[PDB]
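Take a look at this single chain, the form deposited in one PDB entry, given in structure tokens.
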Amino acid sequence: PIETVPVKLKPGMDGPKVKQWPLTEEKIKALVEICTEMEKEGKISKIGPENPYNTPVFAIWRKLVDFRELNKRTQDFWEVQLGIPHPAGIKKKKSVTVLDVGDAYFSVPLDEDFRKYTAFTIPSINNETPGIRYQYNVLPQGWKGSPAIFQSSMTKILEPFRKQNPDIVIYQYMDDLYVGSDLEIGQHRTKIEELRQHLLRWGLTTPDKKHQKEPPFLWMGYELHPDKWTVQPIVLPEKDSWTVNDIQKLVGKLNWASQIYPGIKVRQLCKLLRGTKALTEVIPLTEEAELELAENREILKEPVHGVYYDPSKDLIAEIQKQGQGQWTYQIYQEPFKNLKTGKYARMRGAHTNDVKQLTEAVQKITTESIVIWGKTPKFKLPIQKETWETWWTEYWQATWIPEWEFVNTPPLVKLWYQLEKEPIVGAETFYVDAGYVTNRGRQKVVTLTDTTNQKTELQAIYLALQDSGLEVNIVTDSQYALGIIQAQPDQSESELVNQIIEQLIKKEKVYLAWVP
């Protein structure tokens, strides 16, 4: 049959020795049947009273064995599964069949040397009587390594059939097995029955044609067809009063949609969460919140389908600014034939600019794509080479964007201002420190309250901008402030900053310098 995977207990630790809690004669009975059957099948075997190990068993009938102690003392296995494929990455198929694999673990041997640790005990109805000792010969449901080992096996069992049927695709996920091809309806169905046999020859039983689930396929929050994909039904509650919990659950749900339903916005809603004091607290919806919700339920009213990856065609990514710190994008191969869409709202760092953010968007997408299509898409961006170039060659950190083409789809990202690379001639010079003193004799000492050494160094500068003319030279000692402005941000969490940014955008020329 199949190759036994050698297992071992964690170093030093020893097998479990936890006693079997008490059991109803009713339950003893039922268990002895279950076990005698399991012993006939060979999954377990009676052992000598010399085996000092034991794992509890209770009944649901159904035999339920508590392996947590053993699991705690069992070696770590190779992770059962990090990522799951994402629809946008899969290919179109003429037929897709899902195969349930009943009693998977029961059909797989267990490292012989390990078996002794799986020992459990069936109480004797008569108390004068000693109970029966058993141990497993196969993967015990509920045991640490069953998943990993089962899957491992499955692969080997599949490798062959896979070689002989390269024109067939198989994805294993837990106990389900997905098989697809582009064979005519009938030939397809025959391989399925070929495979089912293959599995059966390894004792693996599968569901009869009349019984297997039929597409759409509800998988990991999706709904798969063999030609197109989407996300399962999505209904927004119509309701008079909303509770933070309601709000939170709702926003959460809306995000899920963003991956295929473009135009979804949660701004106003997320906003309702500010200052909240309890999950059960009711929050009334602002006018804009209502607006946003209605618009969303509108988008969700009509189903939209994602299409499958055609590895023959290029991947194209397009990004848009859908609000301050908000970006939308959609990857397609066939013109507007979406494979997937999405948003990006991440502002990494307290301050930034569209150029910097647009680029961070590109990096997420780049990473996503490699993961899904194993390649990066040609990007279509609302920023001009020059603009980027300029910001690029002047920024201290390094960065690189793959091949991308400018798309004149407003709003086009740009930099709202630039610091002169040189002090300005004929522009007043302000020395800040909370106030300033200028070369032209002016001064404005203003004492601020509830400030920070940093927000204060920022204040000075601001004042200076305000009171200065269209062109100004500013000398500060704050390395901090310097870095911030020097970075040419166009948006910040700090209002002061935004006040300053506003100031800066207005000036004709601004030169900021630093001194100790």
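In case it trips you up, residue 1 is the first one in the sequence shown, and so on. What we label the rigid core is the largest C-alpha set whose atoms superpose within 1.5 Å from one form to the other.
- In terms of unmodelled positions of the deposited sequence, the stretch from residue 433 to residue 434 in this entry skips 10 or more residues.
- Where coordinates are absent for parts of the deposited sequence, a chain break appears; between neighbours residue 60 and residue 61 it spans 4 to 9 residues.
- The stretch 47-55 shows the higher mean C-alpha B-factor when 47-55 is compared against 475-483 in the entry.
- Looking at 119-127 and 335-343 together, the entry lists the larger mean B-factor for 119-127, computed on C-alpha atoms.
- Sorting 329, 416, 379, 400 by the CA temperature factor given in the entry leaves 400 at the top.
- As recorded in the entry, 452 carries the highest CA temperature factor of 491, 466, 452, 488.
- Annotation for residue 502: CA B-factor lies in the lowest third of the chain's modelled residues.
- Among the modelled residues of its chain, residue 510 has a C-alpha B-factor that falls in the lowest third according to the deposited record.
- In the deposited entry, the Cα temperature factor of residue 203 sits in the top third of values across the chain's modelled residues.
- In the PDB entry, residue 102 places in the highest third of its chain by CA B-factor.
- The deposited CA B-factor of residue 252 belongs to the lowest third of values across its chain.
Below: the form deposited in another entry, not depicted.
- Annotation: the position in 181, 352, 146, 369 displaced by at least 2 Å at CA between this form and the one not shown, with the core superposed, corresponds to 352.
- Once both forms are fitted on their core, the CA shift for residue 100 between this form and the one not shown remains under 2 Å.
- Core-superposed comparison between this form and the one not shown: the C-alpha position of residue 243 differs by no less than 2 Å.
- Relative to the superposed rigid core, residue 265 undergoes a CA displacement of at least 2 Å between this form and the one not shown.
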